[PDB]
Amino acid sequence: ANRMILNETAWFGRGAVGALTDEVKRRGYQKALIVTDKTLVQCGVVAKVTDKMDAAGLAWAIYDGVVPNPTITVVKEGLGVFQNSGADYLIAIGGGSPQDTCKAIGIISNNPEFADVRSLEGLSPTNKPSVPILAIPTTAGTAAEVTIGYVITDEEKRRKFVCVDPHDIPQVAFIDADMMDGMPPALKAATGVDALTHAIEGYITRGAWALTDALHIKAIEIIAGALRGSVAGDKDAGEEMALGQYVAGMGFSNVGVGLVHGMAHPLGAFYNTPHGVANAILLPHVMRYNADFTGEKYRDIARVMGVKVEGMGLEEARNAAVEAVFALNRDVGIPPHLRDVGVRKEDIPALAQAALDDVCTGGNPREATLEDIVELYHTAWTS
């Protein structure tokens, strides 16, 4: 049988954060810890939530120490702030970095034997649900509001480790494109291709089944249709991206992804590369590598990305799906080569070993060898 973990409650649309104060009142919670970063406080994004909490008389504390590719240090600092604050629930405001930090804090607070954070890696054997999390994404996006995964950076061991745990699912998600409109175009582009990567890798993952296939192919259609308009600043395209990135998460959380994520994680660990940029550069090369192992699915992908696939042979339709991703990356201004974003050729053997050992790689429809992964990094390195 196939398991689905989803949000029990979710609010969608511009103004959806307007639902938070009534959700808190209905749940009887006494005090939030907001987990966020300094950029989102400075840009006034956090105030969009705290102004409503203030007007409704709801108590909150804040931890704004989250860094991109959140570290064990940030988790431990946020956990201390949470424990000392007296808060009884968490509000995650931000992209994947604050939402993943928030999941680690909520889990460890109720499962204190995992206080080293490292011990959460893999299928975390936690006995107790997380502290309740209300999740408010500000990128479009990682779908962290609806996934059971989170990824933490171990600075000492220079590795990003994946933690998978039904106990971390947020109780409520608020998916509000008003919270996302302030993303710089380059961040809309990178987080949008992260979402496309989730949906493509989820569509072709070893564990795919009928329900996740339906969610993923819908997400690919929405994202491919909206991302150029959203990067260009179109309001409705931003709202479409907010939904598509979430629909991708409903699928991939429950079945897996593949070698794009497996190869992106070590780049985050080694170089602090933005996750979406790493995914965007790798995606078309890993798609080419996987192509023979994907049945008719690249015909579906090419079709919903706007390619006329009718009358193409399968090999041609597979090429067309790969070309459609290269084209989108060019159109939204993501650099095409890993050398452009600070990767070193010398590190590829170490990166490849880390990718081979990453949780995500096992979902890949083609079984990757160490030398296959080394070769893929080199293919993505330069023209």
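The first residue of the sequence shown is number 1, and the count goes up from there.
If you average the C-alpha B-factors over 136-144 and over 154-162, the higher value belongs to 154-162. Remark: stretch with higher mean C-alpha B factor among 292-300 and 201-209 is 292-300. Taking only the listed residues 184, 262, 170, 233, the entry reports the highest CA temperature factor at 233. Ranking 128, 188, 285, 218 by Cα temperature factor from the entry places 128 first. When all modelled residues of the chain are sorted by CA temperature factor, residue 10 is found within the lowest third. Among all modelled residues in its chain, residue 4 ranks in the lowest third by Cα B-factor. Among all modelled residues in its chain, residue 85 ranks in the highest third by Cα B-factor. The PDB entry assigns residue 95 a C-alpha temperature factor belonging to the lowest third of its chain's modelled residues.
Residue-level temperature factors show residue 192 in the lowest third of its chain, judged at the C-alpha atom.
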